[PDB]
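S.K.: Here it is, the structure in full.
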Amino acid sequence: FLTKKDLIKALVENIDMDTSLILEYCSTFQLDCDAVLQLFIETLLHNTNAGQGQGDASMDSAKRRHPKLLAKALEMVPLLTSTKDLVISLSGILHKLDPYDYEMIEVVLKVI
Amino acid sequence: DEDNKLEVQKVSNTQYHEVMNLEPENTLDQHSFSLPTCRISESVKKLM
């Protein structure tokens, strides 16, 4: 079961997952919930950051995602216990974000 | 008989403390191996 971390990436890539599912999966195999949740948020924002650039029509596909992204991101924040590292990594990503991606800034600063 | 306890006392000599400190969270569906509440005739119980 020490190798059960290998699925953690494969689970996170899916957009539609329950948070309690991840919590119980981590609790069953004795895994830290905070690191998995912060990685889930990092990948949730990075996928939309990696979902752009597919032509000029990616803006319309991302604009509908952004409110859902923020809505799903806000709910897991109280579930963490130590967000200091998550906030530091989020600040680094924000410094790595595009200046003309103001929705990314809106969701990142609101999560912070 | 006690003659088969030669291989038993060699097992009941280990002292462990790292096991009682860890409770596995594994679950089982134990509803498929019990007997639900019912009313049986006393004759059947006496026969058993």
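Residue names in the structure tokens use chain letters A, B, ... in the order shown, residue numbers from 1 in each chain, and ligand numbers from 1 in the order shown.
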Do me a favour and pick out the residues of chain B within 10 Å of chain A, using only C-alpha atoms, as an NGL selection string.
M.R.: :B and (24-27)
S.K.: From the DSSP assignment of the backbone, select every residue of chain B that is helix (DSSP H, G or I), and format the answer as a PDB file with N, CA, C and O atoms, in the first residue's frame.
M.R.:
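As written to disk, part-v3.pdb reads:
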ATOM      1  N   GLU B   2      -1.925 -31.770  25.520  1.00  0.00           N
ATOM      2  CA  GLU B   2      -0.836 -30.811  25.656  1.00  0.00           C
ATOM      3  C   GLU B   2       0.373 -31.155  24.797  1.00  0.00           C
ATOM      4  O   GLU B   2       1.252 -30.303  24.629  1.00  0.00           O
ATOM      5  N   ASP B   3       0.437 -32.373  24.251  1.00  0.00           N
ATOM      6  CA  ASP B   3       1.571 -32.765  23.422  1.00  0.00           C
ATOM      7  C   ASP B   3       1.688 -31.923  22.158  1.00  0.00           C
ATOM      8  O   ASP B   3       2.784 -31.823  21.595  1.00  0.00           O
ATOM      9  N   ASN B   4       0.593 -31.319  21.703  1.00  0.00           N
ATOM     10  CA  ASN B   4       0.613 -30.434  20.548  1.00  0.00           C
ATOM     11  C   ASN B   4       0.873 -28.982  20.927  1.00  0.00           C
ATOM     12  O   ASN B   4       0.877 -28.114  20.047  1.00  0.00           O
ATOM     13  N   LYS B   5       1.089 -28.698  22.210  1.00  0.00           N
ATOM     14  CA  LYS B   5       1.392 -27.350  22.669  1.00  0.00           C
ATOM     15  C   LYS B   5       2.874 -27.013  22.568  1.00  0.00           C
ATOM     16  O   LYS B   5       3.261 -25.889  22.904  1.00  0.00           O
ATOM     17  N   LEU B   6       3.708 -27.956  22.121  1.00  0.00           N
ATOM     18  CA  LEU B   6       5.124 -27.662  21.936  1.00  0.00           C
ATOM     19  C   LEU B   6       5.340 -26.622  20.845  1.00  0.00           C
ATOM     20  O   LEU B   6       6.264 -25.807  20.936  1.00  0.00           O
ATOM     21  N   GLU B   7       4.503 -26.635  19.809  1.00  0.00           N
ATOM     22  CA  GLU B   7       4.569 -25.661  18.729  1.00  0.00           C
ATOM     23  C   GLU B   7       3.680 -24.451  18.982  1.00  0.00           C
ATOM     24  O   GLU B   7       3.613 -23.553  18.137  1.00  0.00           O
ATOM     25  N   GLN B  30     -20.004  -7.546   6.798  1.00  0.00           N
ATOM     26  CA  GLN B  30     -20.287  -8.666   7.687  1.00  0.00           C
ATOM     27  C   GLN B  30     -21.768  -9.016   7.759  1.00  0.00           C
ATOM     28  O   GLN B  30     -22.132  -9.939   8.497  1.00  0.00           O
ATOM     29  N   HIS B  31     -22.626  -8.310   7.020  1.00  0.00           N
ATOM     30  CA  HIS B  31     -24.052  -8.615   7.037  1.00  0.00           C
ATOM     31  C   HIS B  31     -24.383  -9.905   6.298  1.00  0.00           C
ATOM     32  O   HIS B  31     -25.502 -10.409   6.430  1.00  0.00           O
ATOM     33  N   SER B  32     -23.440 -10.451   5.532  1.00  0.00           N
ATOM     34  CA  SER B  32     -23.673 -11.635   4.719  1.00  0.00           C
ATOM     35  C   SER B  32     -23.269 -12.926   5.421  1.00  0.00           C
ATOM     36  O   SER B  32     -23.305 -13.992   4.797  1.00  0.00           O
ATOM     37  N   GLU B  42     -39.685 -22.900  19.739  1.00  0.00           N
ATOM     38  CA  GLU B  42     -38.878 -23.453  20.820  1.00  0.00           C
ATOM     39  C   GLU B  42     -38.530 -24.918  20.590  1.00  0.00           C
ATOM     40  O   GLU B  42     -37.505 -25.386  21.101  1.00  0.00           O
ATOM     41  N   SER B  43     -39.357 -25.646  19.837  1.00  0.00           N
ATOM     42  CA  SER B  43     -39.048 -27.039  19.531  1.00  0.00           C
ATOM     43  C   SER B  43     -37.764 -27.153  18.719  1.00  0.00           C
ATOM     44  O   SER B  43     -36.948 -28.049  18.962  1.00  0.00           O
ATOM     45  N   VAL B  44     -37.567 -26.255  17.752  1.00  0.00           N
ATOM     46  CA  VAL B  44     -36.352 -26.285  16.944  1.00  0.00           C
ATOM     47  C   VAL B  44     -35.125 -25.984  17.800  1.00  0.00           C
ATOM     48  O   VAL B  44     -34.080 -26.628  17.659  1.00  0.00           O
ATOM     49  N   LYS B  45     -35.228 -24.996  18.695  1.00  0.00           N
ATOM     50  CA  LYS B  45     -34.110 -24.683  19.579  1.00  0.00           C
ATOM     51  C   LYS B  45     -33.785 -25.845  20.511  1.00  0.00           C
ATOM     52  O   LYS B  45     -32.607 -26.160  20.722  1.00  0.00           O
ATOM     53  N   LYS B  46     -34.809 -26.491  21.074  1.00  0.00           N
ATOM     54  CA  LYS B  46     -34.577 -27.657  21.918  1.00  0.00           C
ATOM     55  C   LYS B  46     -33.971 -28.814  21.134  1.00  0.00           C
ATOM     56  O   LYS B  46     -33.106 -29.524  21.657  1.00  0.00           O
ATOM     57  N   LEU B  47     -34.406 -29.018  19.888  1.00  0.00           N
ATOM     58  CA  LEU B  47     -33.797 -30.037  19.041  1.00  0.00           C
ATOM     59  C   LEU B  47     -32.332 -29.732  18.762  1.00  0.00           C
ATOM     60  O   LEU B  47     -31.494 -30.641  18.787  1.00  0.00           O
TER      61      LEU B  47
END
S.K.: Excluding region 66-77 of chain A and residues on its chain fewer than 6 positions from it, collect all residues at most 10 Å away from it, counting only C-alpha atoms, and give them as a PyMOL selection string.
M.R.: chain A and resi 15-16+18-20+34+37-38+40-41+44-45+48+83+103-104+106-108+110-112
S.K.: If you measure from CA of residue 47 (chain A) to CA of residue 65 (chain A), what distance in Å do you get, rounded to one decimal?
M.R.: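 Atom-to-atom, CA of residue 47 (chain A) and CA of residue 65 (chain A) are spaced 10.8 Å apart.
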S.K.: Just give me the gap between CA of residue 78 (chain A) and CA of residue 23 (chain A) in Å, one decimal is fine.
M.R.: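 The value is 13.1 Å.
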